[PDB]
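Peer 1: generate coordinates for the sequence data below:
(2 chains)
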Amino acid sequence: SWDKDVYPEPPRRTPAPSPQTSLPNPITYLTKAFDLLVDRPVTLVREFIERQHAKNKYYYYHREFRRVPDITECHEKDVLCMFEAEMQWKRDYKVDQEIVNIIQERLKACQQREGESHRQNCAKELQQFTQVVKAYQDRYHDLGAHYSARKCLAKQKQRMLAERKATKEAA
Amino acid sequence: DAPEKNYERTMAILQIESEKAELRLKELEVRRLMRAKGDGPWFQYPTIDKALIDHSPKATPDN
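Peer 2: Numbers count the residues shown, from 1 in each chain, chains lettered A, B, ... in the order given. Coordinates below:
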């Protein structure tokens, strides 16, 4: 399973079977055959394997990283602190990449499930995707293949000086 | 290996190598200052011993 808040789905509304003709469709027979022949032995084997899982219940944990100081409060050419800052920033970089991938999955799943009216019915996912791509592009784009926290901080200082000059010239 | 082992082993490696790098820079600046000034123990090129000088009363007084 997963979490239905980070991976949202609108509630499924299937219509009732309302047959108009008198000819029986093959799909009811095929669903009954797929339930008897296929679904029940798969369910029996899954119940067997699940009962074998319950005989030995052990666990794996999610790795927690406590927050070390970032690159802004590392002294210049102090490798014992800026190493920790660089590794922290690379882990945050992987996390931000996977956040953008999750929002891509939301956008693609909305474009599939809303059918033909997805241009109207997926403006929320499109706006979320636009926001997260704008934030990811302001944060990590144009760094290069030798990306570092020094490069990203220098890009942030360049962008903040551009924003401050645009604010002062509009004063 | 554990990520703890790699992480703290990398921190020890970085401490040793940063200490060596700052000491190499200090070594170059010490060599520069000692060759320029000549007041350190290195680059002490030999001069004449003063123990070779004879201080006995010589044959003529004006010396």
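Peer 1: residue in chain A nearest to chain B?
Peer 2: Nearest residue of chain A to chain B (C-beta to the nearest C-beta) works out as residue A:79 at 4.5 Å. Every C-beta, even on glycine, is put in place using the N, C-alpha and C of the backbone.
Peer 1: who are the contact partners of that residue?
Peer 2: By C-beta atoms under 8 Å, 6 or more residues apart in numbering or on different chains, the contact set of residue A:79 is B:14-15, B:18.
Peer 1: out of those residues, which sit inside strands?
Peer 2: Nothing among these maps onto strands, per DSSP state E.
Peer 1: relative to chain A, which residue of chain B is the closest?
Peer 2: Closest point on chain B to chain A, by C-beta to the nearest C-beta, is residue B:14, at 4.5 Å.
Peer 1: would you map the helices across chain A?
Peer 2: Using DSSP state H, the helices of chain A run over residues A:26-33, A:40-54, A:79-113, A:118-121, A:123-140, A:149-168.
Peer 1: residue B:24: which of those is closest?
Peer 2: Taking C-beta to C-beta, helix A:79-113 is the member of these nearest to residue B:24, at 14.9 Å.
Peer 1: do you know how far residue A:58 is from residue A:127?
Peer 2: 43 Å (C-beta to C-beta, to the nearest Å).
Peer 1: for chain B, what lies in contact range of chain A?
Peer 2: Listed as neighbours of chain A in chain B under the rule C-beta under 8 Å from any C-beta of the partner chain: B:7, B:10-11, B:14-15, B:18.
Peer 1: so which of those comes closest to residue A:100?
Peer 2: residue B:7 (26.6 Å).
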